[PDB]
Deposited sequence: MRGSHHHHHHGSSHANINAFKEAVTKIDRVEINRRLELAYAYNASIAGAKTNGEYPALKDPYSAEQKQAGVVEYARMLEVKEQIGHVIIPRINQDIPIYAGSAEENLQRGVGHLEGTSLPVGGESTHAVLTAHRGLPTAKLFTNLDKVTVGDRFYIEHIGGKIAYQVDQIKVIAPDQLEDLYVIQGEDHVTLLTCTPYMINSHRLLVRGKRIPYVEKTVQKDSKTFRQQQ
């Protein structure tokens, strides 16, 4: 997007001392490991530290060719221009005992968004870029649930996950699709051409 060059650009213009301070806030917030009730996003300023040019980062999902900005909250306004972050879950900055949940409409006219998330397979990876850098996840579990079930979205102590959440079956949307990655080391030698 044009929206994510503006993110990339503004990040380089920020003192590290500041970037650090902002990340410290994010981590401290992420001790919400030690806790109440998520709201299925389809029916704030909590992430301000991470917010740069309106965005908390972008997510890159090579299998499906997406690089999509991430916005705080699940407000429909934002769910029209990218990925929303499910308030109540960890902020997408990784860490032991974190589980960030990122959600996005399927096949919106303005953007494809997560429309093709059914084509991600356990083993594929995705990446999150935030003020502090880039972190990598390898998909370890794909599963299908009813909209009122949230056990899978809570923090799993001692582990580091991000879940990508959308509705399914395609064009039916009766249930939700959860593509979950497990943190791995970020290795340049990241491959996008494949």
Gaps in the model, given as deposited-sequence positions counted from residue 1: 1-13, 49-55, 64-71, 223-230
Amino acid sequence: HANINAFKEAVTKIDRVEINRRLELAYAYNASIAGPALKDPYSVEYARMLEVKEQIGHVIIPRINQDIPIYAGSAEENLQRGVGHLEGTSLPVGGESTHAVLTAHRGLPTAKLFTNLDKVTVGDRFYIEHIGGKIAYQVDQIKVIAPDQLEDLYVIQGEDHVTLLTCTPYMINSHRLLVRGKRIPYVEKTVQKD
From here on, numbers count along this sequence of modelled residues.
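In this text, rigid core is short for the largest set of C-alphas that superpose within 1.5 Å between two forms.
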Between 134-142 and 48-56, the one whose CA atoms sit farther away in 4 other deposited structures of this protein (rigid core aligned): 48-56
Mean Cα B-factor comparison, 86-94 or 68-76, giving the higher one as deposited: 68-76
108-116 versus 95-103 - greater average Cα B-factor per the deposited record: 108-116
Highest recorded Cα temperature factor - choice among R180, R16, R183, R22: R16
Maximum C-alpha temperature factor, selected from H130, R125, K39, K143: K39
Entry-reported Cα temperature factor of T166, expressed as the chain third it lands in: lowest
Third assignment of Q138 from its chain's C-alpha B-factors: lowest
Third of chain Cα B-factors occupied by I60: lowest
